[PDB]
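Reviewing the structure listed below.
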Amino acid sequence: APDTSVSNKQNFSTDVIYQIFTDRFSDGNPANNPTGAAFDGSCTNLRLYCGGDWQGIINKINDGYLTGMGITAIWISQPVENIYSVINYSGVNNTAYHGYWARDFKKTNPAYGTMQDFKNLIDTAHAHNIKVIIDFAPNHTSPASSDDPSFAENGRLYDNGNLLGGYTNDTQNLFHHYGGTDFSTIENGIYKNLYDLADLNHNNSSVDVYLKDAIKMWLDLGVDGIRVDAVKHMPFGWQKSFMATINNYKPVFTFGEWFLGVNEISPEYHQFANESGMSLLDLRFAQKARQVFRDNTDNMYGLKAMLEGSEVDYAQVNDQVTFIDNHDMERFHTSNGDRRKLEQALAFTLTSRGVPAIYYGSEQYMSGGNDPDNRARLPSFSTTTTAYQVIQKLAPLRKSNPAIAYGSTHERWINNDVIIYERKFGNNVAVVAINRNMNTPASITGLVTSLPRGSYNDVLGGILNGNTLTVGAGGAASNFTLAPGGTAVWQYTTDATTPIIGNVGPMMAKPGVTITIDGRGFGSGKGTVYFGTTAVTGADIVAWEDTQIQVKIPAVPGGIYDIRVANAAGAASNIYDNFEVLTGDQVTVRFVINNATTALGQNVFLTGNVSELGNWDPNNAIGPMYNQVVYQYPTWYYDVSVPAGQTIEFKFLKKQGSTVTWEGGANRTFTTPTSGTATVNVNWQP
Ligand SMILES: C[C@H]1O[C@H](O[C@H]2[C@H](O)[C@@H](O)[C@H](O)O[C@@H]2CO)[C@H](O)[C@@H](O)[C@@H]1N[C@H]1C=C(CO)[C@@H](O[C@H]2O[C@H](CO)[C@@H](O)[C@H](O)[C@H]2O)[C@H](O)[C@H]1O
Ligand SMILES: [Ca+2]
Ligand SMILES: [Ca+2]
């Protein structure tokens, strides 16, 4: 199948995602609406159900509203059954319209529809070449007070109708009971409760296996992607085993949100984005795009520097999901805001690297403050707004032009208010020019591009005051004036003759998993795939064609490998790095060490003899370990993903700056479980 086929569940950079709060989009079946205090058909109380469902999305795919726009992926609210309570917080009533207060991850939320309606949604979407991404929030169940069991449904968790337990009188320890987080430390935000949400305990084998069987079920129903909620609030080691479960079973694109405050970007934000096996929502992209296109708190050098920083500080910049607003921020379009600012921000995101997500209602110029104001029902299904037409013209180029789906980003011209960047992949080119200044025309001189000679017509059709670009010999464009607010897109596509890899998915799996390598110039004759120096040929390559290769991972040692393709004539591609071959299936083990006293700046880490523990390299050791909430200093603890069913050797070590202090004595050994979790409790060997 080609790389752009709806069948490619692993990579999404040729797609445009439309993010739908299911309840606020379209009520196609009123019979399923919540009644009573839980419902507000006028949708003026934005904390209640307004009635929107999966038949509403099916109807908007069928009648062409979403396909007319060129949307190839929808991201919907979490599909699982939620609590039915109307909770009153300080006079204001609240319901699970949002889908985040789960109670059974194996059933659907009936307000959205039945299992047959979810299947009709998947088959309709797929028959119209639309991929379906779902939210999945394995961090917690719902609001609960252990002191007051009558509040809400007391965090209760069910398994396909069978009650597993509640927050009050949790004798099985399905949940954490450390109090509520004050967000002071990452550790404090993982093991304590977020607000009043019953925090699930993933170190309990029953919660662990349940959440993994639950996501496999949704993979079997045909979903094509998962957005994992609250990744900043769950142990990294448990998330790595959760990702391994998906990838070793039916790998689909998975991403989450590490939230960063205004310009406060974290290393661990990037660390996790590189280590976990999942992609992140690009907060830095959205922040800078609002600072430059919306609030004018920074200028085009700020935007250039963020686009320059991302290509090198993300391992997979093509898997980062970009956006300009979403459910957690004020809407980009404000009341006194010029609509052209939104239309430029949209054209920028749709032609920029990554996987673009469009928040529902953007194209209908919705405005609103933060939650719940940014989640109003969308007011209209007009197919003639300028923003609808911008998406309609640009979104197809993700499928048709490999430079927008996969290419590099190079600023070809810039000043305080203007940027012209080129996107490049092999022979394919796209150039985009944006003038954010709404009163001054910008005089463009000396623009050089990679386009061949020709008179390129603006793909946007002049809608955002764009112009034709006249390109001469050597990519030099003749000068032009970019209109106030002007935006133009020019492109050229041809076949590549050489292999170029644009994306690989999944990026972490064990031997024998089929990975998808997407790009151009692979050719129709089966060739060779390299994991490091290891050649994979013939029947281990499941499918080979010019834009897509599907190949089984060879039985190589666990660790990080570079991938490379050679077509049937021996021409080799660029190197796709940072691919993690896992030693096998994973389980998360908690490691606890007592009597490890440290100095100022000295922390405890773990390493051992498998790639998952860093293969005895102190710089690739796991940690720093934790020591405040589940256990207190001098006892340190940490949840680590390790290969299932085998004996690993390992040792702990303290590290302050460059000095590694190893504990003495002999190496420790431990035989990991086949599934579920385990705890290892040891004492510092001097
Ligand atoms: C819990 C969230 O924490 C971090 O993001 C916050 C961030 O701290 C704020 O500064 C920013 O202004 O808003 C973000 C959303 O609160 C973290 O990195 C996020 O990834 C995480 N996001 C999730 C988590 C929850 C799960 O409940 C959602 O909240 C919902 O639950 C509350 C309480 O039940 C409801 O009343 C809300 O209406 C729901 O949105 C967040 O929206 C989601 O983004
Ligand atoms: Ca309904
Ligand atoms: Ca947690």
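When a residue number appears, it is its place in the shown sequence, counting from 1. Just so you know, ligand 1 is whichever comes first in the structure, and atom 1 is the first atom listed for that ligand. As a basis for the values below, the full set of heavy atoms in this structure was taken, side chains included, without hydrogen atoms, waters or symmetry mates.
- Using a 4.0 Å cut-off between charged side-chain N and carboxylate O, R227 and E257 make a salt bridge.
- Between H327 and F21, the ring-plane angle classifies as tilted under the 30° and 60° cut-offs.
- Taking the Ca ion (ligand 2) as reference, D27 places its N/O/S atom OD1 nearest.
- In summary, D282 and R353 engage in a salt bridge, as defined by a charged side-chain N under 4.0 Å from a carboxylate O.
- Using a 4.0 Å cut-off between heavy atoms, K232 contacts ligand 1 through its side chain alone, with no backbone atom that close.
- Remark: minimum distance from atom 1 (C) of ligand 1 to any protein heavy atom is reached at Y195 OH, 3.1 Å.
- Minimum-distance N/O/S atom of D53 relative to the Ca ion (ligand 2): OD2.
- The OD1 atom of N33 and the O atom of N29 subtend an angle of 100° at the Ca ion (ligand 2), given to the nearest 10 degrees.
- Going from atom CD1 of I87 over to atom OG1 of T95 covers 9.0 Å, rounded to the nearest 0.5 Å.
- Residue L200: no N/O/S atom is found under 3.0 Å from the Ca ion (ligand 3).
- Neither the backbone nor the side chain of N139 comes within 4.0 Å of ligand 1, counting heavy atoms alone.
- Annotation: atom 12 (O) of ligand 1 to nearest protein heavy atom, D328 O, 4.2 Å.
- For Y191, every N, O or S atom stays at 3.0 Å or more from the Ca ion (ligand 3).
- Salt-bridge annotation for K119 and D123: absent, with no side-chain N of the basic residue lying under 4.0 Å from a carboxylate O of the acidic one.
- Between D199 and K192, none of the side-chain N atoms (NZ, or NE/NH1/NH2) sits under 4.0 Å from a carboxylate O, so this pair counts as no salt bridge.
- Each of the atoms 34 (O) of ligand 1 lies under 4.0 Å from some heavy atom of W101.
- Under a 4.0 Å heavy-atom criterion, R375 is in contact with ligand 1.
- The Ca ion (ligand 3) has an N, O or S atom of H233 under 3.0 Å away, backbone or side chain.
- Exactly one of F591, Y626, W636 qualifies for a side chain to side chain contact (heavy atoms under 4.5 Å, CB included) with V604. That residue is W636.
- Vertex the Ca ion (ligand 3); arms to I190 O and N139 ND2; angle rounded to 10 degrees, 150°.
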